[PDB]
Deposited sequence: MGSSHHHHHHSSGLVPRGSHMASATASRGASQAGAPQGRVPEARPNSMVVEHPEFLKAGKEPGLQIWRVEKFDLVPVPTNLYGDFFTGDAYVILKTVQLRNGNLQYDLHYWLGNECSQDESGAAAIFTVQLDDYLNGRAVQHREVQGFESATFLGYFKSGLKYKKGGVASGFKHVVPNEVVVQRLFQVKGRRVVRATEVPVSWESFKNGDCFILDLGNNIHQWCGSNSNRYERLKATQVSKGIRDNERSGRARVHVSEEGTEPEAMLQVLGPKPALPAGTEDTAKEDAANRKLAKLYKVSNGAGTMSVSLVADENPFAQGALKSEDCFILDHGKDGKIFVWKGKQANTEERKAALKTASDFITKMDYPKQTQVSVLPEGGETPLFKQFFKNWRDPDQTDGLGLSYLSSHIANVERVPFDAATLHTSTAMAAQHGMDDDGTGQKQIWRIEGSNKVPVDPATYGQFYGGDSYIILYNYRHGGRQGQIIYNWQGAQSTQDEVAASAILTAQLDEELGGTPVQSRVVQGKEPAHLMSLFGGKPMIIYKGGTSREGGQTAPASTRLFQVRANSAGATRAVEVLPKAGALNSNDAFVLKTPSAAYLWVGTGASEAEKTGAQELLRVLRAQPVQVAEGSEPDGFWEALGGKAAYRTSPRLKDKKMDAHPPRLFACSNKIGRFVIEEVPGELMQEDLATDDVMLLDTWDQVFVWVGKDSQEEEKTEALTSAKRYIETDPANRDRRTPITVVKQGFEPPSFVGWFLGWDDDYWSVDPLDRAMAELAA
């Protein structure tokens, strides 16, 4: 007794019809009647072959309340049949989650009608659609009238055998490109290829358009997405009797993972940013868990949030990456073993995981993107130290050593594929004086412009160097001193006892970072170097590969001391108090390869609108076509925030590319490291570590205007 569901990886959509799940014809996936409710099941195949489920129910604007209730019931009971491991989403028309919208990049059509009105999914047609949206394109069915028209939008007059695409004079070219997807969708999916699509603009309306609409009058402009200030703060509550009562458990993110308890379920309030999460404990009694959706709705009312607020319901052990990022260092029991983690985001579920191999890196942009390496780091490079307001060439014998009282500029030529490119690294010491740091940024930008405005520009801060920057010095480790200086003047002497953290990247290169000499700075994944007046300790953590201890050894040579190698837990006590005694220090191993699972890359459009900084998430798989030439985009790799600069965006947004990327970082509710590197990228000159993230990158994509292409490519 059932309906054929669960199945294999794919997408299944039902329309809730008189308390019954009714399959939508697959060629109409994306069409929704505003008067009905739907249930949607996305099945994702994990890398280990297992199946992971996302259950969404979708409420139309004019949808019922009992019908909405049925959709809520079916979402709950389908999850019951899937043994409670799906994550549930309540999606309202016009404010659906990014995860939901990624299932349809032909757009969404919102149809007039519903079950009660007596309408089905199944030609004699006469509809009109208003198409709004850049990243998330939505086609709202509107009254067939000239009064529905706005000159800032594009409209689709559907006449069955003929489809008329009408684009207002005040509509930007990118919006017209997204509107062609809807017109093609109606042609290829509703009429299955047999329909003409006719494109036109203001003043070139065909006789058919004017025969149903009448003569065209003057038309008004259009009136109808994440302010950055609302992203940051969130709170965590514990529910009781979902007589619904909640108690504040944490008032400021990041939250302690220990705050979550298995016997209860919690609400993570992010409502000022438009979403709340319901985290179900695995030992919460089933009355509470089956009533999670009502508990979330009651919370929306109790806090006067908009009823369109996105609601997510997560089972314990299956929390999404966006949920876990609200927590200080979320660590699973499953973490270091296995193939993935609790969740695998739909938009990367089909990304082949390429291990690093320097010999073949020049042939795989995928490897470049996934490891943050544009090449093996063996090309021509000039290094400058900023003294006053000028670039001063650094002694080549000292290449790889960097002093915290300086800021440097690295010009590097990278080769990947059969193409050469340049990267300008702007390293800023944590103790470099503000004027020279600010001078290094200006001279960096100046160096870019004199080199054609084409080189990659990557702002780096001491202690958080990108993986590619470490690998620039042969087999020698990048050595990073705490607040010295290497200029001709004050060649000042070192401290008595120094400490050095020696970390390696996936390419084998290392960096030796001087840190405060205490036990709390130690780390079991890395080798360490402790130099005292007396001797020299070479400490090796239990997770330290041989590639780290070799790099730590070449550092003990430039320090001119012979080591005494000391394994973690096998420490002589002269070592133990040279730090001031023993204390706790980080031992949980790093994500290494699961970073992409725990922090998948995300694409955003940003904008410095008059007064407020706004970011819009780009849902679905990352596509080159999503990069509008008149936009400044952000590709949030975890270790590094790319900022792609469209060639046709305003000069204001172009020069603000650096700070807009940092306003994005500092407002991130994960409380991202403020030292996180930023990497400005120019349109048409993107590095492999950027393009390798994209399905189908065309090296000649922008040679022809994408809109001129689209009207040609069948329209």
Counting from 1 along the deposited sequence, which stretches lack C-alpha positions?
1-53, 176-179, 282-284, 303-304, 778
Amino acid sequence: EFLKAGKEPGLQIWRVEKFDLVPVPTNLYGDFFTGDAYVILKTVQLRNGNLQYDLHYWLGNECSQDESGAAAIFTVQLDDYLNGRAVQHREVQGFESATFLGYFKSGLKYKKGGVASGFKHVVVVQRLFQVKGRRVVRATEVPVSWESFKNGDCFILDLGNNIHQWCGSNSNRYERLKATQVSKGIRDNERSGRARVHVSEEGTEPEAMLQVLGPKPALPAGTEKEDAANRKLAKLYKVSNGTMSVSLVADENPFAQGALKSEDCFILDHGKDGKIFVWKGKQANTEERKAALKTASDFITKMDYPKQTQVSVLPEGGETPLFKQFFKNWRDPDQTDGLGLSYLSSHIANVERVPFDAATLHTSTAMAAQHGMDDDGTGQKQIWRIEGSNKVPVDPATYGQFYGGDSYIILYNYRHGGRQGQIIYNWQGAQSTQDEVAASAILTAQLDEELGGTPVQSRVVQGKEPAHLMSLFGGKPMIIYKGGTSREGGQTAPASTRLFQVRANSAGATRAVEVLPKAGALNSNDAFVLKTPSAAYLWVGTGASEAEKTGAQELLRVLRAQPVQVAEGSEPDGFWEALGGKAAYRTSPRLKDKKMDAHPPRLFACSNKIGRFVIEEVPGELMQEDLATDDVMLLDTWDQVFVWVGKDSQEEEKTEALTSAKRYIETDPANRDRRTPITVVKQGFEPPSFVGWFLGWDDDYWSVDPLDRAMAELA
From here on, numbers count along this sequence of modelled residues.
Which of 617-625 and 557-565 has higher mean CA B factor, as the PDB entry lists it
557-565
Identify the stretch, either 494-502 or 599-607, whose C-alpha atoms have the larger mean B-factor according to the entry.
494-502
Member of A544, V76, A467, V641 with the greatest C-alpha B factor (per the PDB record)
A544
In this PDB entry, which of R612, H416, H164, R231 has the top CA B-factor?
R612
How does the C-alpha B factor of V529 compare with the rest of the chain: lowest, middle or highest third?
highest
Could you place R135 in the lowest, middle or highest third of its chain by Cα temperature factor, using the values in the record?
highest
Which third of the chain holds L322 when residues are ordered by C-alpha B factor: lowest, middle or highest?
middle
By the record's CA B-factor, is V691 among the lowest, middle or highest third of residues in the chain?
lowest
Mind checking which third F299 falls in for C-alpha B-factor across the chain?
middle
